[PDB]
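Input: a single structure, listed below in structure tokens.
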Amino acid sequence: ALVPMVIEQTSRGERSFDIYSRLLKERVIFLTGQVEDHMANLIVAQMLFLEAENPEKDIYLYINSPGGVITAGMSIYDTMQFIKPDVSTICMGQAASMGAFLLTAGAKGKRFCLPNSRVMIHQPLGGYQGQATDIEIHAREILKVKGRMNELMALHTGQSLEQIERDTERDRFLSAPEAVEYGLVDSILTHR
Amino acid sequence: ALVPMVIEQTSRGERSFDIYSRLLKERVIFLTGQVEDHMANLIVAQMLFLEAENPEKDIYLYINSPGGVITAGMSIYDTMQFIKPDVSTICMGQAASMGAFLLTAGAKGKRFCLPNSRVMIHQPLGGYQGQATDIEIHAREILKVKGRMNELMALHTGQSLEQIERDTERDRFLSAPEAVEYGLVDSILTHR
Amino acid sequence: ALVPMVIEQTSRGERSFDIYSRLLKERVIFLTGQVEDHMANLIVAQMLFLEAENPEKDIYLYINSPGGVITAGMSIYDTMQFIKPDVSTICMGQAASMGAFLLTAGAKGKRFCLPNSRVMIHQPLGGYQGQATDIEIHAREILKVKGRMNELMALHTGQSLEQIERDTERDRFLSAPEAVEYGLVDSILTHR
Amino acid sequence: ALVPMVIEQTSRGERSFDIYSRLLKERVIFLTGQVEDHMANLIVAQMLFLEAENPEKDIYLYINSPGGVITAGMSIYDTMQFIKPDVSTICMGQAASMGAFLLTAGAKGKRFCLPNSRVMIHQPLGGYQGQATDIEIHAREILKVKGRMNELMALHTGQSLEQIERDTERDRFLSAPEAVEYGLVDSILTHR
Amino acid sequence: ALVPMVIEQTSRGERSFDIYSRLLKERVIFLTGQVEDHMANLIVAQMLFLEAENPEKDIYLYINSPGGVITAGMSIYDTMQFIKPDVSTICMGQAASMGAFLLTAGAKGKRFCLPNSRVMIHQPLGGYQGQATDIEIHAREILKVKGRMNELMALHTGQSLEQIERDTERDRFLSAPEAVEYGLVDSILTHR
Amino acid sequence: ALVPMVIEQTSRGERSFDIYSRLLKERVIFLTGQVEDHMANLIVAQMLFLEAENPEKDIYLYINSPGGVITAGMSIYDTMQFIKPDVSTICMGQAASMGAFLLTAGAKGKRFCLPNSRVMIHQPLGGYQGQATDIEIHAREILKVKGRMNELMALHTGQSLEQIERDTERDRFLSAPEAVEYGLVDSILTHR
Amino acid sequence: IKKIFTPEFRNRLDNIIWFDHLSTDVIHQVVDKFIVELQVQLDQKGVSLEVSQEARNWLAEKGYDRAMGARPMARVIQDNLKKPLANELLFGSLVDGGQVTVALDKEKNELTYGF
Amino acid sequence: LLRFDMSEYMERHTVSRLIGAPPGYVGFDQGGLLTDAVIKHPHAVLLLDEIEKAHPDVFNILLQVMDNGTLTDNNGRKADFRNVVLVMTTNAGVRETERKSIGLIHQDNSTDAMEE
Amino acid sequence: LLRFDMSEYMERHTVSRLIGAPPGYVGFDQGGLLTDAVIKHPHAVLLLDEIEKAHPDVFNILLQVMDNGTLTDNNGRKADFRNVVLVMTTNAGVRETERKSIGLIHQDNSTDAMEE
């Protein structure tokens, strides 16, 4: 039982469903651990799946992630901005680096985090080996990406671009109330 | 046969259920091994499921674990506080470090441990490598976390904050009767 | 078939069960190999399940194991004492260290072992690295455990406490007839 | 539950399908990660399968890939040209090296990419060890391959061959708007 | 979900098969990866199975492989010649070494390759360690095999034996149009 | 989909069998790869199963293997001789060492090999480390085995014992036509 | 409805009127008509009842249940007002008629009037 | 024109009422709502609406009538279908094309209604 | 000629259709489709199509007919078959001789028109 089964009744149901599939039916998607390509590829498939089932209802994305690969993370970002229904992101545990990036990309007014969570942000990392000419090419590309990520932060958070530029120079840690004040999330959930 | 099957009866059932799913059905959740992201993620999904099935009944959490990652452990903590029904925690085997923390987070009056169990508590661990500037940033964050964990211990146990700080400087071991006196649990189960 | 199942007719059918599930149904639990957290966790789930099915019948526990982790082993011990029906333990192959401890913990008058088995006992092992101050803390905790285990041996076997302490200084091996004489078991099964 | 299940109503409405199979049913194929032989063989099997299902409908291919083995990739390249229905390729995340090559090979007018994606192109890599005579043979073959791919890029993009020749000398990175202007894709998808 | 499921209708329509089983049903077999003993034992079983299903219809074999063990390749080689229905071999990606050997062995008039594929041929490899006497035995056996492989190539391609002998001295690469002119394949498939 | 499924119609029409089980049903058993204890154990179970199914019909054993453990292989040999129906062995690919031994052990008149196969035979290998007294014991046992294996070769092939001994001194390779003349097989299969 | 009433019946109706759930504004209006009915019954006994606005808002909240329509409002009024009136009408101060009013406490209690 | 709505002949019990099967018929000689309609008006056109909703036993009685031209009443009386035309309807062949597909690009879900 | 199609009787609840429902149940007024037919026409040839599909409970009824000539209907009457010819048709052994075994060496492929 790495993943338990649950039972529900419907018409003639019966029907048992891996607990994660049971939650997919409620339009809940979890994003956890490192952001990479196979994982990201799967999340995008889930979002398209929910979009087709009912274009008029919200999708809930639970985020608990230390960070990951930018390209993979951008695949998720662009789908969220394409599909018709809102995606409401909820941060639990942590949202660091690319994880924080996706957290703020949720529908405005619907970005929420739990009270003991942590959010951390910082400029992108990378590297390269080779001839001086190739080093130049690769250095230019990473700088362009840094610039693009900053524009998107400013767009989604409401901060000026320069303020974003200064704040990501070195790892910046924010507590849940700080994320609200800064503009990464709209509110903190407390008790039902 | 790592996990055996059990058969139950209902109306038409029959119904065979992995022994752990059989217990999820009774509103029992087990927490064992290191606390990490993937496992914690599953515990949270199980609690949300049970909350929806019947918001008016208690959930029982069995704890037996050596410790783990704080971030992952906090997601469990916040869900326990957020959801409506009481969560009653029971400690068997051991509850160390983060495990001990979650043990005391259960509903007041419902924290119970078996007589030959052990509870151990201590301040959080961490580390870092980098420029002196980065070291300072990371050092501050761990100290903030330490402070936060102490506040929550004092809140849930009834000890003053100063007493909690003194008692966690170094590993402290408590026998089941000691946990009761100290205020980590309310009582010891003996025989049915 | 890495494992054997079995077909059985009760009424409607039949019915197909992995051979281990087939025996759980008859109130038989097997404990083999090292005692650790995940395996101990599963045995407890099985005992609680059987206790609920029919509180008035004995549960049979087959033991064949070299030893293991004390913490995990104690969670088994406490459940056996808590639940209402008697637990009758049977030793085959070997019952060493923590395995021997659980063997003698069964219901009085119902502890039985096969004639070519071996049961060995000894004081607990452990260790630690760190500052002299931490060493003192950890050393005292292991000593408390040793004292506690000796009290339980004396309680269950009928030996005086001093006699138990002397006999566990170094590995002590007992043949099935000696286990009976010493008081670890009540009798030896021979032929049906 | 690495991959969740979904359920769809039909006539009976009983069938559940791995989410990736649910998408294959809708004529959606994903290409992710490195291009190699086992992966490619599976993609080709999927295309032959869809061609047989309905020769008159488009197949959508979603690409998110860092590159890979040319020989393996060319089996996809040719299948796409050989099967009757159009293949519309969509780039998300990245399309690099061989990934970019396959991206431009989609049906003309139907090559599209999401706005924050990246496309990167470059001459083929290879190597060898052996006698001077074997080195010559292997060197000639890699140069022929480079030339052939150069011709296919010019064919699919509309660029002159000489321009293609210069542009692949060293890694060339293109943003989504540049891919459109250059001629690798026809358009950028934005919102539903 | 490494291999997707496909659903087909019949009478009742309860048919769910992994995509490869679905294509076996259409008389399509794929050969990929290295040629070895376990893999080239499954291909033989599949061809025998199809032969019985309908002795009067063609079997399609898709070849995409770098080479492999001669023995394994020969059990496939002989089965293809033994069984009654024609086997049409199609080369995609590459057919090198033993892969090329099997490609040309298909039914005359039905050997075809996709236009951007590659075929490569060369004398067999091997080696030995031991006493000078054993070395002689093993050297003779590999030379007999080289001679036999050359006769079969000449038989199937129409080249004289001497020409075959001169062309396999060193790795010879052939483009799809070259393979056609040489006689390894009968033609190039273009579009369905 | 390592092993494909096949469907067979009967009365009601619901039969789905792994292709290897589909062939066991036709009384075909495949022996491939190294001969060892677990695999040999499965071959024996299949033969006993078929013997009982229908004592009056032949069993076909396909052989493609490099050799293996003598002890394990001899359990196949004895079962083939014990059971009632004839076992017809067919060699494809290769039958070396113990593989060749089992090949010739099939029913007389029914040993057949494909035309491009190879058969190789040699004296048994082994070794030991220990005291001079133990070395002698182990050396004697391997020599007795060599003796017994030669008697059985002579019995089944018709060669004199002295001829068998001379020919197994060093690896001897036989082409399919030589195996026929030598007496290892009765004939060569050619075409349907 | 579509699964119970076959097309032959449904196609001959002028319409099908779907009724909705009651909102909280409606509940306030519902409380007022029920209080009036209570007063009519009390007029027959010579008793004048004056319920405050706060008391009304309080009852409206206590009885709201979207899934049960207005029927709970009747229960709430009966339980909070009819009950103590019945004791006074039968055994006490309202035997010969009288004045009744209801005030709402800061403690969310019904501060019923003397008589 | 004789008319029946198959959605009202969806369940097994209603099926026997339509047929005029010896048990489970209408009245005492309905019979056989179908047999009666084709006895009273032998040259009529019989329209069966939304036929995919019919219970399988209806489907089979119609096949039996198609093959032999007659339907036997619970009272042993027989309907003569030799002069009638059977018109069967159904709004299923176009329901598939009402679906919207999954994906970033929606596709054309038009199908061949005849295949449906 | 009386004809019954066994493909209409592949489920357990259908056998009573041939005999008649027991007293107290809906469907009682059927005298049995089979038992009415062979009471009305004592001299006939009875054809059962596709006997290779009938639910097993059907075969258990035919055993009595074939051995002793009679069935009892649900009103206690005897259906007398002592004057009829019973023909059952099947294509059961057919798909057992149109195929050859799988392998390099063929097995006898004819001696099966009897095990199936």
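A note on labels: chains of the structure tokens are A, B, ... as shown, every chain counts residues from 1, and ligands are counted from 1 in their shown order.
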Determine which residues of chain H DSSP labels as strand (DSSP E or B) from the backbone of this structure, then write them out as number ranges by chain. H: 2-5, 45-49, 70-72, 78-80, 85-88
Over all Cα atoms paired in order, how far apart are chain I and chain H after a least-squares superposition, as an RMSD in Å? 2.5 Å
Please check the contacts: residues of chain A at most 10 Å away from chain H, using only C-alpha atoms, listed as a CSV table (one decimal) with N, CA, C and O atoms, in the first residue's frame.
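Result file is out_23.csv:
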```
chain,number,residue,atom,x,y,z
A,45,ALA,N,-0.4,17.3,-18.9
A,45,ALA,CA,-1.4,16.4,-19.3
A,45,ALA,C,-2.6,16.5,-18.4
A,45,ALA,O,-3.8,16.5,-18.8
A,47,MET,N,-3.6,19.0,-16.6
A,47,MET,CA,-4.4,20.2,-16.7
A,47,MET,C,-5.2,20.2,-18.0
A,47,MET,O,-6.4,20.7,-18.0
A,48,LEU,N,-4.7,19.6,-19.1
A,48,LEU,CA,-5.5,19.6,-20.3
A,48,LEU,C,-6.7,18.7,-20.1
A,48,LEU,O,-7.8,19.1,-20.6
A,49,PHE,N,-6.5,17.7,-19.4
A,49,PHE,CA,-7.6,16.7,-19.1
A,49,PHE,C,-8.7,17.4,-18.3
A,49,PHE,O,-9.9,17.2,-18.6
A,50,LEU,N,-8.4,18.2,-17.3
A,50,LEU,CA,-9.4,18.9,-16.5
A,50,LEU,C,-10.1,20.0,-17.3
A,50,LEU,O,-11.3,20.2,-17.2
A,51,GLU,N,-9.3,20.7,-18.2
A,51,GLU,CA,-9.8,21.7,-19.0
A,51,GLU,C,-10.9,21.2,-19.9
A,51,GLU,O,-12.0,21.9,-20.1
A,52,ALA,N,-10.7,20.0,-20.5
A,52,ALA,CA,-11.7,19.4,-21.4
A,52,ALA,C,-12.9,19.0,-20.6
A,52,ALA,O,-14.0,19.1,-21.2
A,53,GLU,N,-12.8,18.5,-19.4
A,53,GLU,CA,-14.0,18.0,-18.7
A,53,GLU,C,-15.0,19.1,-18.4
A,53,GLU,O,-16.2,18.8,-18.4
A,79,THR,N,1.1,26.6,-20.0
A,79,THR,CA,-0.2,26.0,-20.0
A,79,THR,C,-1.1,26.7,-19.1
A,79,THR,O,-2.2,27.0,-19.5
A,82,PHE,N,-2.8,29.5,-20.7
A,82,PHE,CA,-3.5,29.3,-21.9
A,82,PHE,C,-4.9,28.7,-21.7
A,82,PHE,O,-5.8,29.2,-22.4
A,83,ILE,N,-5.0,27.8,-20.9
A,83,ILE,CA,-6.2,27.1,-20.7
A,83,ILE,C,-7.3,28.0,-20.1
A,83,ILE,O,-6.9,29.0,-19.4
```
Neighbours of residue B:137 within 9 Å (only C-alpha atoms; same-chain residues fewer than 4 positions away dropped), as a ChimeraX atom specification? /A:170-173 /B:132-133,141
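Among C:154, C:120, C:69, C:96, the residue with the shortest atom-to-atom distance to chain B, counting only C-alpha atoms, is C:69.
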Need to verify the contact set: residue A:81, 12 Å, only C-alpha atoms, exclusion of same-chain residues closer than 4 positions in sequence. Can you return it as a VMD selection string? (chain A and resid 44 47 to 48 74 to 77 85 to 88 102 104 to 108 156) or (chain D and resid 114 to 116 189 to 192) or (chain H and resid 104)
Alpha helix (DSSP H) positions in stretch 17-62 of chain E, given as an MDAnalysis selection string: chainID E and resid 19:24 42:53
Could you take the residues named above and write them with N, CA, C and O atoms, as a PDB file, in the first residue's frame?
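Done, and the output landed in out_20.pdb:
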```pdb
ATOM      1  N   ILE E  19      -0.331  -1.020 -26.885  1.00  0.00           N
ATOM      2  CA  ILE E  19      -0.206  -0.772 -28.303  1.00  0.00           C
ATOM      3  C   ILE E  19       0.599  -1.801 -29.091  1.00  0.00           C
ATOM      4  O   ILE E  19       0.326  -2.004 -30.265  1.00  0.00           O
ATOM      5  N   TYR E  20       1.573  -2.465 -28.517  1.00  0.00           N
ATOM      6  CA  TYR E  20       2.296  -3.402 -29.341  1.00  0.00           C
ATOM      7  C   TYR E  20       1.483  -4.633 -29.643  1.00  0.00           C
ATOM      8  O   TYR E  20       1.517  -5.114 -30.766  1.00  0.00           O
ATOM      9  N   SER E  21       0.697  -5.113 -28.705  1.00  0.00           N
ATOM     10  CA  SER E  21      -0.140  -6.277 -28.972  1.00  0.00           C
ATOM     11  C   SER E  21      -1.156  -5.884 -30.024  1.00  0.00           C
ATOM     12  O   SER E  21      -1.513  -6.681 -30.889  1.00  0.00           O
ATOM     13  N   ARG E  22      -1.622  -4.643 -29.984  1.00  0.00           N
ATOM     14  CA  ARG E  22      -2.585  -4.198 -30.967  1.00  0.00           C
ATOM     15  C   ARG E  22      -2.018  -4.240 -32.366  1.00  0.00           C
ATOM     16  O   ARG E  22      -2.765  -4.435 -33.316  1.00  0.00           O
ATOM     17  N   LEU E  23      -0.735  -3.947 -32.531  1.00  0.00           N
ATOM     18  CA  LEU E  23      -0.151  -3.996 -33.858  1.00  0.00           C
ATOM     19  C   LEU E  23       0.215  -5.413 -34.263  1.00  0.00           C
ATOM     20  O   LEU E  23       0.120  -5.759 -35.433  1.00  0.00           O
ATOM     21  N   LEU E  24       0.516  -6.291 -33.319  1.00  0.00           N
ATOM     22  CA  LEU E  24       0.795  -7.669 -33.703  1.00  0.00           C
ATOM     23  C   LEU E  24      -0.417  -8.213 -34.403  1.00  0.00           C
ATOM     24  O   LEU E  24      -0.332  -8.946 -35.376  1.00  0.00           O
ATOM     25  N   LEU E  42      11.726 -13.846 -29.149  1.00  0.00           N
ATOM     26  CA  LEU E  42      10.395 -13.384 -29.042  1.00  0.00           C
ATOM     27  C   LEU E  42       9.944 -13.127 -30.440  1.00  0.00           C
ATOM     28  O   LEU E  42       8.807 -13.388 -30.781  1.00  0.00           O
ATOM     29  N   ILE E  43      10.840 -12.644 -31.275  1.00  0.00           N
ATOM     30  CA  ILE E  43      10.472 -12.434 -32.654  1.00  0.00           C
ATOM     31  C   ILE E  43      10.153 -13.748 -33.294  1.00  0.00           C
ATOM     32  O   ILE E  43       9.242 -13.833 -34.098  1.00  0.00           O
ATOM     33  N   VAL E  44      10.910 -14.770 -33.003  1.00  0.00           N
ATOM     34  CA  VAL E  44      10.599 -16.038 -33.601  1.00  0.00           C
ATOM     35  C   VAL E  44       9.239 -16.502 -33.143  1.00  0.00           C
ATOM     36  O   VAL E  44       8.463 -16.974 -33.959  1.00  0.00           O
ATOM     37  N   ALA E  45       8.917 -16.391 -31.861  1.00  0.00           N
ATOM     38  CA  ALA E  45       7.606 -16.827 -31.446  1.00  0.00           C
ATOM     39  C   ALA E  45       6.517 -16.057 -32.153  1.00  0.00           C
ATOM     40  O   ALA E  45       5.522 -16.639 -32.571  1.00  0.00           O
ATOM     41  N   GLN E  46       6.700 -14.767 -32.355  1.00  0.00           N
ATOM     42  CA  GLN E  46       5.672 -14.007 -33.027  1.00  0.00           C
ATOM     43  C   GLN E  46       5.514 -14.394 -34.460  1.00  0.00           C
ATOM     44  O   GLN E  46       4.395 -14.472 -34.946  1.00  0.00           O
ATOM     45  N   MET E  47       6.588 -14.669 -35.163  1.00  0.00           N
ATOM     46  CA  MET E  47       6.393 -15.053 -36.534  1.00  0.00           C
ATOM     47  C   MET E  47       5.706 -16.390 -36.636  1.00  0.00           C
ATOM     48  O   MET E  47       4.871 -16.574 -37.512  1.00  0.00           O
ATOM     49  N   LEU E  48       6.004 -17.328 -35.743  1.00  0.00           N
ATOM     50  CA  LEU E  48       5.351 -18.621 -35.849  1.00  0.00           C
ATOM     51  C   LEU E  48       3.871 -18.478 -35.591  1.00  0.00           C
ATOM     52  O   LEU E  48       3.052 -19.098 -36.265  1.00  0.00           O
ATOM     53  N   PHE E  49       3.541 -17.628 -34.625  1.00  0.00           N
ATOM     54  CA  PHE E  49       2.158 -17.361 -34.261  1.00  0.00           C
ATOM     55  C   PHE E  49       1.369 -16.782 -35.431  1.00  0.00           C
ATOM     56  O   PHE E  49       0.232 -17.189 -35.673  1.00  0.00           O
ATOM     57  N   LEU E  50       1.960 -15.837 -36.160  1.00  0.00           N
ATOM     58  CA  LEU E  50       1.257 -15.258 -37.273  1.00  0.00           C
ATOM     59  C   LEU E  50       1.114 -16.216 -38.425  1.00  0.00           C
ATOM     60  O   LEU E  50       0.100 -16.162 -39.122  1.00  0.00           O
ATOM     61  N   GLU E  51       2.107 -17.079 -38.621  1.00  0.00           N
ATOM     62  CA  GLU E  51       2.071 -18.056 -39.700  1.00  0.00           C
ATOM     63  C   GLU E  51       0.831 -18.929 -39.565  1.00  0.00           C
ATOM     64  O   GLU E  51       0.146 -19.208 -40.549  1.00  0.00           O
ATOM     65  N   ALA E  52       0.544 -19.355 -38.338  1.00  0.00           N
ATOM     66  CA  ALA E  52      -0.610 -20.180 -38.084  1.00  0.00           C
ATOM     67  C   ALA E  52      -1.906 -19.423 -38.233  1.00  0.00           C
ATOM     68  O   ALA E  52      -2.874 -19.959 -38.755  1.00  0.00           O
ATOM     69  N   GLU E  53      -1.919 -18.171 -37.789  1.00  0.00           N
ATOM     70  CA  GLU E  53      -3.111 -17.336 -37.884  1.00  0.00           C
ATOM     71  C   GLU E  53      -3.647 -17.263 -39.314  1.00  0.00           C
ATOM     72  O   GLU E  53      -4.855 -17.341 -39.536  1.00  0.00           O
TER      73      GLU E  53
END
```
Excluding residue G:28 and its own-chain neighbours fewer than 2 positions away, which residues fall within 9 Å of it when counting only C-alpha atoms? Please give them as a ChimeraX atom specification. /G:24-26,30-32,56-57,59-61
For the selection you just gave me, I'd like the residues written to a file as a compact mmCIF listing (two decimals), in the first residue's frame, keeping C-alpha atoms.
```txt
# COMPACT_ATOMS: atom_id res chain seq x y z
CA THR G 24 -31.56 34.82 3.40
CA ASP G 25 -33.47 37.95 2.37
CA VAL G 26 -36.43 35.75 1.81
CA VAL G 30 -40.67 34.53 5.95
CA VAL G 31 -40.08 35.29 9.58
CA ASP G 32 -42.39 38.22 9.35
CA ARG G 56 -36.13 38.81 14.26
CA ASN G 57 -32.72 38.95 12.80
CA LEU G 59 -34.42 33.98 14.60
CA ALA G 60 -33.79 34.38 10.89
CA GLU G 61 -30.23 33.32 11.38
```
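Pairwise distance (atom CA of residue B:62, atom CA of residue B:92) equals 7.3 Å.
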Write out as an MDAnalysis selection string the residues lying within 12 Å of residue C:166, counting only C-alpha atoms and excluding same-chain residues fewer than 5 positions away. chainID C and resid 121:123 150 154 159:161 171:172
